[PDB]
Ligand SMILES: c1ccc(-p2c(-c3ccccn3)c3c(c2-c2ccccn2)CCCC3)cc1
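Here we start with a single chain on its own, the form deposited without the named molecule, put down as structure tokens.
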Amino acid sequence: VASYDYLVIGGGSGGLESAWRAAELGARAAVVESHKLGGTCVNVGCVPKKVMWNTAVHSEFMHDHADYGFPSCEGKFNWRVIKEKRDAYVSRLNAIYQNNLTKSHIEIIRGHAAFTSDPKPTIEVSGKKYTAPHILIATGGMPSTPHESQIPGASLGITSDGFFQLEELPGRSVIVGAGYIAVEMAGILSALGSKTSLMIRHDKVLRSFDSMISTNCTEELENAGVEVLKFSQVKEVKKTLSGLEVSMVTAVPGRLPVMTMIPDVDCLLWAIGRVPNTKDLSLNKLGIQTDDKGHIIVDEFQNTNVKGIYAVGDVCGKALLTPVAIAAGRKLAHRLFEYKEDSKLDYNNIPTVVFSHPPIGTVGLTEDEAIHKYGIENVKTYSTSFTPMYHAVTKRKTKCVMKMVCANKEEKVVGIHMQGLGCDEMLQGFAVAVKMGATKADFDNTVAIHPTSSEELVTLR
């Protein structure tokens, strides 16, 4: 049994970041990775995604090339190519990580970890036992795909992972999901050719965001050429000689249900879930407490119910983004190794950007969460709806919607929601501001940048 000071299971974002801060404060640390380091962020998430998004933003422009006074192209985008190059980047990234870890002097034990009986907190890896007072579990989370029980033909669908394995742009895409990975997937395929359809249980996507966002984004997906199939779900999937035949039910409120066939489908995407990676961790042997869905349960300091065992990132099932993994992983290293009793991540005002077309940007709480936490009389909302100056000379148009949720007398900006061009790099500055309890005044006292979209967020009337 090799004893350490820190043992971090999983080598993805949350975790790499912790072990790293731990080595920094002086600590005998190891990270147990089952396969590719960099986790999801590098391999099949953030990075591969943004590359494709970036590729998509190029079709949107190729469509406006004529309006801006240049001739045009024709079409035929070769997916094969961009695919290859995106992979060589993931490779470069992995090698950087390989080197970075080995240089910061961290024992990268490689293999599959699990908990044993061993009285005090101890893990095995490929028949070897390692232990250390503090073991952090950062085992991530995987894509949820339906069971053949419920949906016969379930296994025929592909997920984000498989999406990042596509060697050719699928001429006909079908996406099931109304969240962000769904919205994101639907947009890339549509922009890049595939006649796509987004099948959602209700009438709008991103039902978890502000009304304006969930609304404006369903609409934009529509004008973009996506096909929102509302109050629908796949009954069964059947591999024809053509491709796939999706039988889905459209049960619109107030109407009579109708069962439909969706033929010659190239790709059927399960963009419905991220189940935690907890099963074969064999937590059971320590009584490590969990969710009724496998997620590990921790307190406001990332402590499991067991002493010396913690959790961070996707696995815990809260704020499923890379930076929350990092911010939670590194903050821990300081509580422990710097002996800082106040280091914990404040899960409020966490900013999230969704890369649809156009980009969704948002931080803080929504009108409703607000109205509830304050009072219908206490919540004031300012908003704007304009057209980016980018479409003063284009036929192809998209909007930009900005909303500000203020609280109480002083008009404390407690929620900023927006969709529009540049909304990806637009948010962050305001996140810092918002994080530092900015009032509508501070916003209003800031001199504008003209001409910009951002200027609109500070001139709200």
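Sequential numbering from 1, following the sequence displayed.
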- Item | Greater mean Cα temperature factor according to the PDB record, 64-72 or 410-418 | 64-72
- Between 156-164 and 348-356, which has the larger average Cα B-factor in the PDB entry? 156-164
- Query: Based on what the PDB entry reports, which of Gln98, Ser126, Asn216, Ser343 has the top C-alpha B-factor?
  - Reply: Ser126
- Message: By the CA temperature factor listed in this entry, which of these ranks top: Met261, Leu365, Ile135, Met389?
- Response: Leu365
- Task: Could you say whether, by C-alpha temperature factor, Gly187 belongs to the lowest, middle or highest third of its chain?
- Result: middle
- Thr381: C-alpha B-factor third of its chain, per the entry, is the middle
- Task: Taking the values exactly as deposited, rank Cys267 by C-alpha B-factor within its chain and report the matching third: lowest, middle or highest.
- Result: highest
- Is the Cα B-factor recorded for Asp87 in the lowest, middle or highest third of its chain? middle
- Message: Per the entry's values, where does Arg335 land by CA temperature factor relative to the rest of its chain, in the lowest, middle or highest third?
- Response: middle
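Just so it is clear, the following notes concern the form solved in complex with the named molecule, a form of the same protein that is not shown.
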- What stretch, of 283-291, 74-82, 241-249, 215-223, brings heavy atoms to within 4.5 Å of the named molecule in the deposited bound form? 241-249
- Task: Classify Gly162 as contacting or not contacting the named molecule in the deposited bound form by the rule of any non-hydrogen atom within 4.5 angstroms, answering yes or no.
- Result: yes
- in the deposited bound form, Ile158 touching the named molecule (heavy atom, 4.5 Å): yes
- Residue contact check: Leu166 to the named molecule in the deposited bound form, 4.5 Å heavy atom: yes
- Should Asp266 be counted as a contact of the named molecule in the deposited bound form, where contact means heavy atoms within 4.5 Å? yes
